[PDB]
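Below: one structure, written as structure tokens.
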Amino acid sequence: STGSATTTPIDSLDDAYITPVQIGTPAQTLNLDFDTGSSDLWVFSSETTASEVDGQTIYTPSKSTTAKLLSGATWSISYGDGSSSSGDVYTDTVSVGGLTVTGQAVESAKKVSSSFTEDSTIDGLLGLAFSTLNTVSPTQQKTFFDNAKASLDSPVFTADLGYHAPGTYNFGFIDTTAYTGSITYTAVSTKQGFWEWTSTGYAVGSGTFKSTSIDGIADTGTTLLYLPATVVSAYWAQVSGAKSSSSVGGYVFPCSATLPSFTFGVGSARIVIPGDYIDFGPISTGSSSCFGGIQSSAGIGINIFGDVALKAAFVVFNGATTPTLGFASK
């Protein structure tokens with residue numbers, strides 16, 4: 001089997017991407033944030049505290065003839081941005097782009113933190129990291145991809161995120177028309193539960209490539225590119241007037257600037273992020289200070305190849321017995 005679904009930016013900055021997902025019988029379609037940095041499929045629901053729902057579409061398990069309470073199971077998750085959610089668990093039929101999994105754990109939110117409530121466009125998350133990170137207790141549950149894998153034509157999914165435009169998540173096949181050149185594959189460590197790999201270096205604009213190992217994660221659920229402070233300083237030093245602002249929470253730059261590109265290495269190959277992809281617009285409405293799309297990871301504990309980086313590439317998440325990542329230009 002295969003599946004193919006379009007993923008759409010939630011706003012004009014590509015702050016996140018939503019993908020329609022069918023849950024239950026008859027189908028209830030919710031727009032989920034596919035997140036290769038976590039491993040829970042959770043949804044706003046008829047069980048979510050009413051004051052914490054503000055415009056989201058909810059899953060109502062009592063209206064699904066295939067929903068079953070997973071008795072005794074609870075979940076609770078905290079994300080790197082400080083947001084969180086928790087609740088109980090149903091199993092139900094879940095389909096993405098024509099690919100159907102029966103018995104998928106659907107984690108129903110009883111509580112969500114303010115940033116989820118405040119984002120009316122995201123009805124939940126669909127985790128695509130390794131199932132060892134799944135938070136369901138006392139019986140850990142598998143991701144949608146893990147459940148689908150054996151049925152897929154090939155044990156892979158691909159992320160093809162657009163810049164200010166829709167893109168595609170494919171399951172079970174590699175669309176050879178969706179990229180240019182060849183795909184360069186690179187080793188993955190699953191020791192932390194992430195799609196963790198080592199970039200071979202970087203360049204700023206037309207500058208020379210610096211060969212240096214940068215361990216980080218391919219994370220579709222993180223907006224920006226978070227890299228070591230040395231690398232980030234070297235980038236922003238090429239933008240007149242750019243500075244790190246403790247009050248804003250990162251590097252800002254004059255909105256009048258033209259940003260240089262940023263290149264990252266994948267083995268001997270190179271992925272070029274155009275400068276425009278690094279512009280996240282005014283820090284507040286009407287400001288002439290703009291927020292940068294490349295930020296320091298120093299306070300995180302891990303480097304994160306988020307959407308800013310991934311949207312410059314066609315990315316293969318190879319879930320073979322030994323997982324690997326592939327990157328191609330497009």
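Using ideal geometry, Cβ is built from the backbone for each residue, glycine included, and neighbour counts are taken over all protein chains shown. What is reported rests on the model, the rules as stated and the sources as named; none is laboratory data.
Out of all the residues in the range 186-196, which are surrounded by 13 or more Cβ atoms within 10 Å (Cβ to Cβ) and either in contact with a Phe, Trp or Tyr (Cβ under 8 Å, 6 or more places away or on another chain) or of a type in the set (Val, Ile, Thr) (or both)? Selection gives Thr186, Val188, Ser189, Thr190, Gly193, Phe194, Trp195.
Look at (1) touching a residue at least 12 places away in the same chain (Cβ under 8 Å); (2) closer than 30 Å to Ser84 by Cα and you find that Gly181 fails only one, number (2).
Count of the range 168-182 residues, restricted to those that are hydroxyl-bearing (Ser, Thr, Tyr) and not in a loop (DSSP other than H, G, I, E, B), is 2. Out of the residues in the range 245-268 that are of a type in the set (A, V, I, L, M, F, W, C) and closer than 11 Å to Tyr202 by Cα, state the one that is surrounded by the most Cβ atoms within 10 Å (Cβ to Cβ). Taking the candidates together, the pick is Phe262.
Take the conditions (1) crowded, with 17+ Cβ neighbours inside 10 Å; (2) part of a loop (DSSP other than H, G, I, E, B); (3) of a type in the set (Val, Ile, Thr); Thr285 misses just one of them, which is (1).
When the range 91-143 is limited to residues that are of a type in the set (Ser, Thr, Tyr) and closer than 30 Å to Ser189 by Cβ, the one that is surrounded by the most Cβ atoms within 10 Å (Cβ to Cβ) turns out to be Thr143. Close Cβ contacts (under 8 Å, 6 or more residues apart or on different chains) running from residues in the range 52-76 that are in the same structural domain as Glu118 (by CATH) to residues that are in a strand (DSSP E or B) and exposed (fewer than 13 other Cβ atoms within 10 Å of the Cβ) comprise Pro61/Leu69; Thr66/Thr102. Annotation: of all residues in the range 23-35 being surrounded by fewer than 19 Cβ atoms within 10 Å (Cβ to Cβ) and touching a residue at least 40 places away in the same chain (Cβ under 8 Å), the one that is farthest from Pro61 (Cα to Cα) is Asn31. I'd like the residue in the range 205-215 that is without any contact (Cβ under 8 Å) to a residue 40 or more places away in the chain and closer than 17 Å to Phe305 by Cβ and, out of all such residues, is surrounded by the most Cβ atoms within 10 Å (Cβ to Cβ). Per the stated criteria, the residue is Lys210.
Determine whether the range 98-115 contains at least one residue that is in contact with a strand residue (DSSP E or B) (Cβ under 8 Å, 6 or more places away or on another chain) and on the phi > 0 side of the Ramachandran plot. Within the range 98-115, one or more residues are in contact with a strand residue (DSSP E or B) (Cβ under 8 Å, 6 or more places away or on another chain) and on the phi > 0 side of the Ramachandran plot. The residues on offer are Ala218, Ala234, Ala159, and the sole one that is without any contact (Cβ under 8 Å) to a residue 60 or more places away in the chain, of a type in the set (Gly, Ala, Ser) and surrounded by 17 or more Cβ atoms within 10 Å (Cβ to Cβ) is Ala234.
Taken over the range 246-272, the criterion of being hydrophobic (A, V, I, L, M, F, W, C) and either on the phi > 0 side of the Ramachandran plot or under 22 Å from the mean Cα position of the chain (by Cα) (or both) is satisfied by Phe262, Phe264, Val266, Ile271, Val272.
Each residue in the range 45-81 was checked for being under 27 Å from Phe305 (Cα atoms) and out of contact with any helix residue (DSSP H, G or I) (no Cβ under 8 Å at 6 or more places or on another chain), and 6 pass.
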